[PDB]
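Here's the structure we're looking at; comments come further down.
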Amino acid sequence: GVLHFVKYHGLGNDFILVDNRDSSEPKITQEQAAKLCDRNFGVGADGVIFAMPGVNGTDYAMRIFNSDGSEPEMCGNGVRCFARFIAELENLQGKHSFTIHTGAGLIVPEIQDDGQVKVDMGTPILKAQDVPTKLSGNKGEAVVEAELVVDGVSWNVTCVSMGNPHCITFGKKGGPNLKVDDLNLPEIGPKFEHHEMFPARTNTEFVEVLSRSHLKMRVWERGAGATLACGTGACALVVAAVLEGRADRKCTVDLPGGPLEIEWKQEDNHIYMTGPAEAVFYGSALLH
Amino acid sequence: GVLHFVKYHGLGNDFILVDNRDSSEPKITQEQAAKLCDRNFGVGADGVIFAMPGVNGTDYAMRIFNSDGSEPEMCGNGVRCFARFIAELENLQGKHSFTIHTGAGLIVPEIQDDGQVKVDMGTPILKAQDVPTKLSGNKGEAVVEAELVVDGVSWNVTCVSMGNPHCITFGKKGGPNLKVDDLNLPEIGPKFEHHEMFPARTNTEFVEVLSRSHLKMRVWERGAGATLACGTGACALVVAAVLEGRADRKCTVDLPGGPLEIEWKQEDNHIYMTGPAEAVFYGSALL
Amino acid sequence: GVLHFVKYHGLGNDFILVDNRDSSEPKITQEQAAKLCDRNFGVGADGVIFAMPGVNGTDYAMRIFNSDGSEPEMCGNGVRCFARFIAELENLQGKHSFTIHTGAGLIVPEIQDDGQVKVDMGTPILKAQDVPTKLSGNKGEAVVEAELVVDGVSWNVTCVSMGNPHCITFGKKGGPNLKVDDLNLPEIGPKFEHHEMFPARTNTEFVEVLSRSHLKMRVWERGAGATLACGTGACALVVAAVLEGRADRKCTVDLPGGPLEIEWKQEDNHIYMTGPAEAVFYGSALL
Amino acid sequence: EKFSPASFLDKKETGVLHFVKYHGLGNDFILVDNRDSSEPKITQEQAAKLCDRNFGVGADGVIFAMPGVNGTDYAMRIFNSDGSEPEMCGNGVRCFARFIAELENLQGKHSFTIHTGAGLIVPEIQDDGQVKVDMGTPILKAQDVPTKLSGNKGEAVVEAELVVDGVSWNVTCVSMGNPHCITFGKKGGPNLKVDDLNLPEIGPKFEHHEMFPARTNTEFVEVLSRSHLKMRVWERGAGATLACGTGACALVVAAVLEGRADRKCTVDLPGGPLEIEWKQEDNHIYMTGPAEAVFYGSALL
Amino acid sequence: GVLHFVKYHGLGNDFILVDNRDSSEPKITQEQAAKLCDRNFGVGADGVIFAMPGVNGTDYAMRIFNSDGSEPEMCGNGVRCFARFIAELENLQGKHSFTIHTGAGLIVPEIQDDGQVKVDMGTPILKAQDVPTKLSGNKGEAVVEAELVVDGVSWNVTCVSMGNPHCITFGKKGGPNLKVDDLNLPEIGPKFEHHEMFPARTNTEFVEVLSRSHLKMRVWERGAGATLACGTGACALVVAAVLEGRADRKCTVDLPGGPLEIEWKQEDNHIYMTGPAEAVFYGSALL
Amino acid sequence: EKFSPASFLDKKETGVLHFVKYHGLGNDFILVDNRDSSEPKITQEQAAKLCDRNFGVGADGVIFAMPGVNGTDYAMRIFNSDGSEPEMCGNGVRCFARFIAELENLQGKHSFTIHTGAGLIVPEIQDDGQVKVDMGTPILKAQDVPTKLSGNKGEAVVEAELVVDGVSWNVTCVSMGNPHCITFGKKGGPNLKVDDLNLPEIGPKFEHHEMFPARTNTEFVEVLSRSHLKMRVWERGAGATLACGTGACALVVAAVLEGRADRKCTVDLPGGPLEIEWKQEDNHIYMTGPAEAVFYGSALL
Ligand SMILES: C[C@](N)(CCC[C@H](N)C(=O)O)C(=O)O
Ligand SMILES: C[C@](N)(CCC[C@H](N)C(=O)O)C(=O)O
Ligand SMILES: C[C@](N)(CCC[C@H](N)C(=O)O)C(=O)O
Ligand SMILES: C[C@](N)(CCC[C@H](N)C(=O)O)C(=O)O
Ligand SMILES: C[C@](N)(CCC[C@H](N)C(=O)O)C(=O)O
Ligand SMILES: C[C@](N)(CCC[C@H](N)C(=O)O)C(=O)O
């Protein structure tokens, strides 16, 4: 078989985008996606994103498979690429917004004049059971700066879902601030990702506060590893920073691949994420 | 501002192959190749290989740019991919062989009946000055199991060129055999690659002898890092194993991505390398 | 005057496509179209197809003039060329579907991943006098494997309309299966085309069944002659094959210029046709 | 769909050819301005594809206007629709003259010298707009035509027997740079009614005959009067065309050699008439006929 | 810094076109534009035109700086160049039209089959104070063939705005028809351009009527001087010719650099201008 | 629309010229790297088109940096905006020097030897970035300027009568490879206020005068002091430019010969000042002035 696609990246978080507007079922299996995402034996990507037909009135729907083949419920860098991809297919020039049905609910990206995409990422989910996490809520049903014992070491974490689960930490329990570049993600990351307290596994964001409006982070993603950026993660860590009282609702988040502008609007409780999305190459891959 | 190409890999050492038969000048610059080889911002590859017009009578010529943009003189996994590419482009089925002009001289791949590609990789260069290395020859003009001080630690190395430079080590001076999987390549690799004793930098192969006909290795390549396989490297390390008296001329070399059959024939001093090569996808990249 | 156009072909059924989105009236007359279609004195084509403004909500409308100047009500190969032509004018990339108003009613082409076009050709018309044919229905209101006397010789034919009229035959009455390549179309074709039983003339398809899902055919088109392919004809002959019990609803139809995939869906009674369409050249003709 | 790196690379390697379409009595050609180079802009294989009437532009051939040679104003090279390269083309050189006149904004009478594979050819747009061409002198020596038939009238092959698929025909051979086999009928047979011939059937048997090493063009002739001939032609590499200028010149030479017609004749071809004159004064043949532009464009290669 | 641009001209009225689609803020200042427009010390042009993001729904917006640095509200020759610039940047083929927001309101250029551009230049503004001019309206609120004293000499003029102001004259009050080529524009032009009756200065068109459908003109433009052509000027002078009863609504206007086809439609009060636009070179200018 | 195969084929965007735009005191030029050949990359006709300010790139001329001749580092050829080829250009060679320094990434003081139609010219980039050029020696012999005026001071034409459109002017003739006609006023007339002259009117009468076989550049001079001259120029083939380096050199030579100024003068040109010195020690003339890059680009041909 043959899979036609277009390669895009949002701050280095790269994806295989496929036009699946003709069917409600993804053109390839999760197993095929995992093979295609292998960087040496396949096309190479952090995931495969499908542009599908709208659901209940939305312009389109989006489904995504992580490079390990699992299906997460949303992807911020990916939805910015999705908007640019649709624009290319439909010859839409300049500013345009679309309603997208996703596993996290309604998401509304709007292409900006400069080509970046400002996305309405919806509202954060903080109730422990729905994140989901087995940690007990310590601020209402929300888990904020709570103890998580990781391989015998006590860390403090805040849990938030953007449809997908995030475990955000600013450091160990009773410990100093983090210098995220000093962390050994391949070592510590998997211990959070597969922790027994996260039934569906979790994405993990390690954060260093530079100022109340400027945060630096590294992320170990569920099913994708140490990526250059994670949009849902940047949204979740700003929510966590606000809940822990370490930063304000509008921050610039520096991710390994570059910055994102995040704002958690108190007026509507929605989170807006603005960042770039760029097409890299067009192709056809051999399917097995 | 668009490059059409086909992606291939030889044991996981993956490349962007471009049909450059219509010109003597590579279609893209070394700087553009480095960008295209970036795995997250580009197409992603260990290098870009160009199929160019023959030279002085060869069927074709091959030029390659490492993912860092530098231009090495040969690539074994790459030439096996080159052979599949040509057969694809010329609709050649079954056994076929082509003469290819490279920076290492004449190279002759031959697609076998079983589909694998057996390549005549030329003869190894052992004279120290030509590898090139500033290390002094201790076995005739060759550098064999000689001391190399790496970040203050003494290692024993053997140097051989397959057009490109290789530094092969079976362990530290006065040290035990290596368990290559225990090495931290990102840490030790760059120290060999940019060592002052290698004027043009060097590829480095770490080897574990399993038997006199079976070697296991990991490699830190000049300009490409810790790749899954290196064909010139596998050829050079068998030459080194023979010179150090650790193995015979015919060996199976296990590389991270898989095995290669290597034979340094005493009959003609040529080294033959047999391995796979597979197309993965094709497309057009924005430049 | 000057007519600007783009030449396309669908399996060799070639057309002159003109951007007529500016007016509800075709830019040239039927007489001018016939002249332009002359292969040695004009541009050369089986027809001229106009991309016109939508009607009652459709994205566009399509009108076509045969190479003899007559105006048929639809064209399958032509609408596949139309879809690629419009995609170009709208700067669209990849898959796109369009609603097109035609003399056969709504037609919906959809560009596929491989550049091919799958078209919802609507539902077939089988009522005898609406085909139109003067032959009496012999199976319900339809004419199925009925006797047609052509120049004194009895043939059995099935009539179906895809907006335009089709007369399909699998052979003479009481005769063996056909070897379509042995037919002399220039001789027999005109006798069917202008037959008194077809008031508006008819397209004629001669069919050879290779299997229940594989049919071979040749066609003598109303106003265009022995073309390399006819999409409405391929659709009509599959309908005829099903009605005569000779084949399944899903078939590969081999036409002189190539194959088409046809499916007369039992679920909705719609017929889907998938085939290629390619641009050949851009031009300006003297009027 | 099949994964095919080969097909894919071909598709993205498409070129473009700008041209103007002309026809001389229905013998239609793709004219290209190649004055910028001594090498034809496209290959013979590409020309064959472009000449396909359903999958390409459609034509009996592709004609290139090239830079002059050893003096001449221009040079002309032509590829048949089958891709082969013939030495000359009469209807084509009349189209060539119009093409040049159009490109150089030349109005009224104008003559150009053209270098061809048949030697010097000199077309001249007439006051009345038609193009009268000095087609040079005919080649009659058998081995130079070329034909393996033995000269039977001096070194020329005139009304000689040619066994075609076991049937004896009488033919006359003459070259206008390109080879021509002219017949007025079968040996010991009646005059021909050319419209009754089945060219697709008989044509190929002459075209590829073993007696014509470089293949041949074949003209079937019906004499209407000593100054009026009717013909049909099966051309080497182009088939049953509507007209052939070198053919009309060759058949008048043949008619004169066989004593059937005068040196000044009106020749009726499927697409129309040509005025031909084989001047005894200088042995040159003059051909007068029309040429018209039809459309112009850019073809994908 | 550096400014990348493409040079175009519409009948010799030449401009520096810049791709400013990424921001509503022009890439350079008015002062920088004046410097770049200097023909000996800069790039040389009658103005700089920016292709910007759409506004309130239009496909794009256009802003222009005259060679003196002032910002006029529209430019007809420039919008034709703008349309070809977009087509080039987007590799659009065939007929395409775009909605453009300008200081004069909506303007809609459409690329024609022959490559010319036909533009819906909007509707003319005749109310004196909106032109703007301080002359009193003498035909309703419009100034038509009214006395304007220029440096002590009485001229009759008609004022119309196409977003930008235009003062059209067919001659002096009580004087004969003009032979525009005999005028000394560098001398008389500035006296109209900076006249006290034109608060925002004005463009001035001198017209010679050749027939009721054929007008010859020369223009002295506000902020650009004696240019080879002015599209808004050609539209305004046809409006003036109609108002003065000297010509019909559809005219060919001969400007120094060539002709424009102009039509002021009574059906909707819109004026359509058709003419050429050609790219000359592209470059990068030092800022 | 008219059917026009010719227009269609012309419109097929032939070639492209890469260049860099420079100006010396407003005398602006298109500089092209032509170091790979002794033949200019474009024709004189193409240069004239490119120099059109509204339809082309716009310039007073096109200057080619060519390969050295007889050991010089480089050679320079220039085409005026009217297409004619003059033998030297002072403002141009200063731009040429900076162009070279850019192509060779040369920093600081540098001098190159340039072969020109005027012979050897040697520009040197100063520390301040200005360029001081050794313009060679001036040619004063009447017939070598060339001019048909009789030498009235040795073999030189100094303050001699030239009847221009019936009016008597006094002029001095000097060549800097190219011809120059310098005037400080009419015969028996007062000093000039150069800004009051109507150059487009009087200029062409001198430029095409019968006494100048190869036409001539004309400099109108107003002496401000013995070391300060103001001028305007009407150049052969370029018109009223903002500055002319060879002209500034020639008018200082003329001022000295007529005894109106010293060998070292500041010359005020419309676009700015130039420092000129006619060294008595070697009879060489040195011109110092600026040169600036403006933009670079690619023009359609
Ligand atoms: C694409 C993404 N990195 C999220 C990917 C999904 C994530 N790996 C998960 O398993 O939830 C983003 O939000 O930008
Ligand atoms: C492609 C290759 N790994 C060699 C690549 C070139 C190598 N990185 C070098 O710089 O010499 C091989 O021999 O298989
Ligand atoms: C273009 C077409 N061959 C139909 C052409 C119309 C046909 N000649 C007719 O007169 O009905 C098709 O259906 O593909
Ligand atoms: C164009 C032409 N028909 C001749 C074409 C060349 C001919 N097919 C050949 O192969 O000799 C003519 O002479 O008019
Ligand atoms: C570019 C233009 N000449 C108008 C330029 C604007 C004019 N100089 C003004 O100041 O109004 C046109 O309308 O074609
Ligand atoms: C460029 C220049 N103005 C001279 C140009 C050549 C002059 N137009 C001539 O024809 O002699 C100079 O000397 O500076």
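Residue numbering in chain D adheres to Swiss-Prot, whereby the residues present occupy positions 62-362 in order.
Each Cβ is built from the backbone N, Cα and C atoms, and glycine gets one as well.
Annotation source Swiss-Prot lists substrate binding site at D:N88, D:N141, D:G151, D:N152, D:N239, D:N278, D:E296, D:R297, D:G306, D:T307. In the three-state DSSP reading, D:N239 (substrate binding site) counts as coil. Around the Cβ of D:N239 (substrate binding site), a 10 Å sphere holds 28 further Cβ atoms from the protein chains shown.
Summarising the annotation, Swiss-Prot assigns active site to D:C150 (among others). For D:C150 (active site), the Cβ neighbour count at a 10 Å cut-off comes to 32, with all displayed protein chains included. A coil conformation is recorded for D:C150 (active site) in the three-state DSSP classification, outside any helix or strand.
The active site annotation in Swiss-Prot covers D:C305 (among others). Counting only same-chain residues six or more apart in sequence, the Cβ atoms lying under 8 angstroms from the Cβ of D:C305 (active site) belong to D:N88, D:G151, D:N152, D:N278, D:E280, D:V294, D:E296, D:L330.
The Cβ of D:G306 (substrate binding site) has D:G85, D:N88, D:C150, D:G151, D:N152, D:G153, D:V154, D:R155, D:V194, D:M196, D:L335, D:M348, D:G350 as same-chain neighbours under 8 Å, each 6 or more residues away in sequence. In the three-state DSSP assignment, the secondary structure recorded for D:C305 (active site) is coil. Annotation note: D:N88 (substrate binding site) sits in a strand segment as assigned by DSSP. Summary of the substrate site environment: with the site residues D:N88, D:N141, D:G151, D:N152, D:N239, D:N278, D:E296, D:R297, D:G306, D:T307 set aside, the chain residues having Cβ atoms within 8 Å of the Cβ mean position are D:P147, D:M149, D:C150, D:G153, D:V294, D:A299, D:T302, D:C305, D:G308. Our reading of the substrate binding annotation (D:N88, D:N141, D:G151, D:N152, D:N239, D:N278, D:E296, D:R297, D:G306, D:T307) yields a largest Cα to Cα distance of 17 angstrom.
All chains included, 29 other C-beta atoms sit within 10 angstroms of the C-beta of D:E296 (substrate binding site).
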